[PDB]
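File shown: structure-v5.cif (mmCIF, C-alpha atoms; chains and numbers go by the auth columns).
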data_model
loop_
_atom_site.group_PDB
_atom_site.id
_atom_site.type_symbol
_atom_site.label_atom_id
_atom_site.label_comp_id
_atom_site.label_asym_id
_atom_site.label_seq_id
_atom_site.Cartn_x
_atom_site.Cartn_y
_atom_site.Cartn_z
_atom_site.B_iso_or_equiv
_atom_site.auth_seq_id
_atom_site.auth_asym_id
ATOM 1 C CA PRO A 1 254.612 296.492 61.799 0.00 1155 A
ATOM 2 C CA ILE A 2 254.820 300.178 62.671 0.00 1156 A
ATOM 3 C CA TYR A 3 256.625 302.805 60.574 0.00 1157 A
ATOM 4 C CA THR A 4 259.917 304.344 61.634 0.00 1158 A
ATOM 5 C CA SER A 5 258.026 306.752 63.885 0.00 1159 A
ATOM 6 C CA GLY A 6 254.729 307.075 62.025 0.00 1160 A
ATOM 7 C CA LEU A 7 251.416 305.895 63.405 0.00 1161 A
ATOM 8 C CA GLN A 8 250.978 302.398 62.020 0.00 1162 A
ATOM 9 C CA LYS A 9 251.323 300.640 58.682 0.00 1163 A
ATOM 10 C CA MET A 10 247.631 299.781 58.751 0.00 1164 A
ATOM 11 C CA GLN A 11 246.103 303.231 58.999 0.00 1165 A
ATOM 12 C CA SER A 12 247.490 305.190 56.068 0.00 1166 A
ATOM 13 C CA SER A 13 245.808 302.767 53.642 0.00 1167 A
ATOM 14 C CA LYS A 14 249.000 303.056 51.604 0.00 1168 A
ATOM 15 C CA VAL A 15 250.908 299.915 50.723 0.00 1169 A
ATOM 16 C CA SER A 16 254.536 299.407 51.770 0.00 1170 A
ATOM 17 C CA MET A 17 257.083 296.882 50.533 0.00 1171 A
ATOM 18 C CA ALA A 18 260.019 296.430 52.869 0.00 1172 A
ATOM 19 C CA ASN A 19 258.625 295.791 56.334 0.00 1173 A
ATOM 20 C CA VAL A 20 259.965 293.191 58.718 0.00 1174 A
ATOM 21 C CA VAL A 21 259.117 289.488 58.903 0.00 1175 A
ATOM 22 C CA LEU A 22 259.391 286.926 61.675 0.00 1176 A
ATOM 23 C CA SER A 23 260.894 283.519 60.941 0.00 1177 A
ATOM 24 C CA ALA A 24 260.981 280.304 62.900 0.00 1178 A
ATOM 25 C CA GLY A 25 263.551 277.708 61.940 0.00 1179 A
ATOM 26 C CA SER A 26 263.507 274.070 60.974 0.00 1180 A
ATOM 27 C CA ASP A 27 261.236 272.399 63.514 0.00 1181 A
ATOM 28 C CA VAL A 28 258.753 274.435 65.519 0.00 1182 A
ATOM 29 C CA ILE A 29 255.949 271.917 65.084 0.00 1183 A
ATOM 30 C CA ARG A 30 256.910 269.370 67.730 0.00 1184 A
ATOM 31 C CA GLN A 31 253.580 267.972 68.857 0.00 1185 A
ATOM 32 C CA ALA A 32 253.130 267.865 72.608 0.00 1186 A
ATOM 33 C CA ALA A 33 252.508 264.933 74.897 0.00 1187 A
ATOM 34 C CA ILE A 34 251.367 264.466 78.476 0.00 1188 A
ATOM 35 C CA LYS A 35 250.685 261.389 80.532 0.00 1189 A
ATOM 36 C CA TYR A 36 248.673 260.534 83.603 0.00 1190 A
ATOM 37 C CA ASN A 37 248.810 257.880 86.281 0.00 1191 A
ATOM 38 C CA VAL A 38 245.560 256.592 87.731 0.00 1192 A
ATOM 39 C CA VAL A 39 244.930 254.633 90.903 0.00 1193 A
ATOM 40 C CA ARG A 40 241.602 254.443 92.717 0.00 1194 A
ATOM 41 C CA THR A 41 241.009 254.459 96.458 0.00 1195 A
ATOM 42 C CA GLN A 42 237.556 253.012 97.152 0.00 1196 A
ATOM 43 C CA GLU A 43 236.241 250.229 94.955 0.00 1197 A
ATOM 44 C CA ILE A 44 232.553 249.861 94.199 0.00 1198 A
ATOM 45 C CA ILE A 45 231.898 246.680 96.191 0.00 1199 A
ATOM 46 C CA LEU A 46 233.913 245.623 99.229 0.00 1200 A
ATOM 47 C CA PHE A 47 234.148 244.251 102.982 0.00 1201 A
ATOM 48 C CA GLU A 48 234.890 240.498 103.384 0.00 1202 A
ATOM 49 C CA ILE B 1 209.945 217.379 109.938 0.00 819 B
ATOM 50 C CA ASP B 2 212.197 218.006 112.914 0.00 820 B
ATOM 51 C CA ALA B 3 215.159 217.682 110.563 0.00 821 B
ATOM 52 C CA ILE B 4 213.890 220.315 108.153 0.00 822 B
ATOM 53 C CA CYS B 5 212.977 222.577 111.063 0.00 823 B
ATOM 54 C CA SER B 6 216.456 222.284 112.566 0.00 824 B
ATOM 55 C CA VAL B 7 217.986 223.008 109.161 0.00 825 B
ATOM 56 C CA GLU B 8 215.947 226.175 108.824 0.00 826 B
ATOM 57 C CA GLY B 9 216.824 227.195 112.366 0.00 827 B
ATOM 58 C CA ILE B 10 220.579 226.742 112.163 0.00 828 B
ATOM 59 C CA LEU B 11 220.573 228.622 108.884 0.00 829 B
ATOM 60 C CA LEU B 12 218.511 231.361 110.509 0.00 830 B
ATOM 61 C CA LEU B 13 221.229 231.629 113.138 0.00 831 B
ATOM 62 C CA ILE B 14 224.076 232.861 110.938 0.00 832 B
ATOM 63 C CA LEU B 15 221.952 235.415 109.070 0.00 833 B
ATOM 64 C CA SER B 16 219.347 237.959 110.155 0.00 834 B
ATOM 65 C CA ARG B 17 221.387 240.026 112.613 0.00 835 B
ATOM 66 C CA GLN B 18 218.222 240.725 114.630 0.00 836 B
ATOM 67 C CA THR B 19 218.372 237.567 116.760 0.00 837 B
ATOM 68 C CA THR B 20 220.719 236.218 119.430 0.00 838 B
ATOM 69 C CA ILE B 21 220.889 233.340 121.896 0.00 839 B
ATOM 70 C CA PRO B 22 220.512 233.718 125.656 0.00 840 B
ATOM 71 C CA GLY B 23 224.113 234.141 126.620 0.00 841 B
ATOM 72 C CA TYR B 24 227.281 234.702 124.630 0.00 842 B
ATOM 73 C CA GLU B 25 225.969 237.158 122.039 0.00 843 B
ATOM 74 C CA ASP B 26 229.574 238.165 121.307 0.00 844 B
ATOM 75 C CA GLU B 27 231.151 235.249 119.488 0.00 845 B
ATOM 76 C CA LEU B 28 228.155 235.731 117.250 0.00 846 B
ATOM 77 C CA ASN B 29 229.622 239.170 116.589 0.00 847 B
ATOM 78 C CA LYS B 30 232.729 237.156 115.853 0.00 848 B
ATOM 79 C CA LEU B 31 231.090 234.638 113.522 0.00 849 B
ATOM 80 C CA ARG B 32 228.706 236.698 111.449 0.00 850 B
ATOM 81 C CA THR B 33 231.391 239.285 110.722 0.00 851 B
ATOM 82 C CA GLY B 34 231.831 237.598 107.375 0.00 852 B
ATOM 83 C CA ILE B 35 228.390 237.863 105.833 0.00 853 B
ATOM 84 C CA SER B 36 228.301 241.681 105.559 0.00 854 B
ATOM 85 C CA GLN B 37 224.580 242.245 105.905 0.00 855 B
ATOM 86 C CA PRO B 38 222.702 243.482 103.895 0.00 856 B
ATOM 87 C CA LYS B 39 224.398 242.418 100.677 0.00 857 B
ATOM 88 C CA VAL B 40 222.731 239.012 101.142 0.00 858 B
ATOM 89 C CA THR B 41 219.575 238.069 99.248 0.00 859 B
ATOM 90 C CA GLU B 42 217.725 235.078 97.839 0.00 860 B
ATOM 91 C CA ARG B 43 220.228 233.699 95.327 0.00 861 B
ATOM 92 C CA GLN B 44 222.588 233.518 98.296 0.00 862 B
ATOM 93 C CA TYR B 45 220.041 232.217 100.785 0.00 863 B
ATOM 94 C CA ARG B 46 219.178 229.246 98.610 0.00 864 B
ATOM 95 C CA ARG B 47 222.828 228.436 98.075 0.00 865 B
ATOM 96 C CA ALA B 48 223.298 228.388 101.831 0.00 866 B
#
Here is the file; what I need is its structure written in the form of structure tokens.
Amino acid sequence: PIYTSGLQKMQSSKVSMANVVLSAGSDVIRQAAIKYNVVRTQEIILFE
Amino acid sequence: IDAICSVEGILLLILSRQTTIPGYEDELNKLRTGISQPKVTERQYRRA
């Protein structure tokens, strides 16, 4: 968080109270999932 | 002894690609297209 037009609220080494906070909502922790399909072309042994 | 010799011979015919008979030489390349030399070894030879 920067000031109104000052440098930065982490340079003056002076504490501030009313800066701005991000918030998310109910569910932002949905774990993710992927899936793969496998099929192989050449086996190890072969040929009649 | 002729019987055992003929057995060994006929078996020698369908293996060991490095031998033909004076003539056809092609239906052999029709017959022995099932063995897939050189995956063949003792365990198999004795079974034959």
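As for CA of residue 1155 (chain A) and CA of residue 1176 (chain A), they are spaced 10.7 Å apart.
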8 Å contacts from chain B to chain A using all atoms listed in the file, as a compact mmCIF listing (two decimals) with C-alpha atoms, keeping the file's coordinate frame:
# COMPACT_ATOMS: atom_id res chain seq x y z
CA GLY B 852 231.83 237.60 107.38
CA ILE B 853 228.39 237.86 105.83
CA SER B 854 228.30 241.68 105.56
Pairwise distance for CA of residue 1157 (chain A) and CA of residue 1177 (chain A), rounded to one decimal in Å: 19.8 Å
Non-local contacts of residue 1156 (chain A) (10 Å; all atoms listed in the file; under 4 positions in same chain excluded) as a ChimeraX atom specification: /A:1160-1165,1173-1174
Interatomic distance, CA of residue 837 (chain B) to CA of residue 851 (chain B) (Å, one decimal): 14.5 Å
Could you write out as JSON the box around region 837-850 of chain B (axis-aligned, all atoms listed in the file, 8 Å on each side), with centre and edge lengths in Å to one decimal?
{"center_x": 225.6, "center_y": 236.3, "center_z": 119.0, "size_x": 30.4, "size_y": 21.8, "size_z": 31.2}
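Minimum distance to residue 831 (chain B) across B:850, B:864, B:819, B:858 (counting all atoms listed in the file) occurs at B:850.
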Residue among B:835, B:844, B:830, B:821 lying closest to residue 856 (chain B), counting all atoms listed in the file: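 Once distances to residue 856 (chain B) are computed over all atoms listed in the file, the minimum belongs to B:835.
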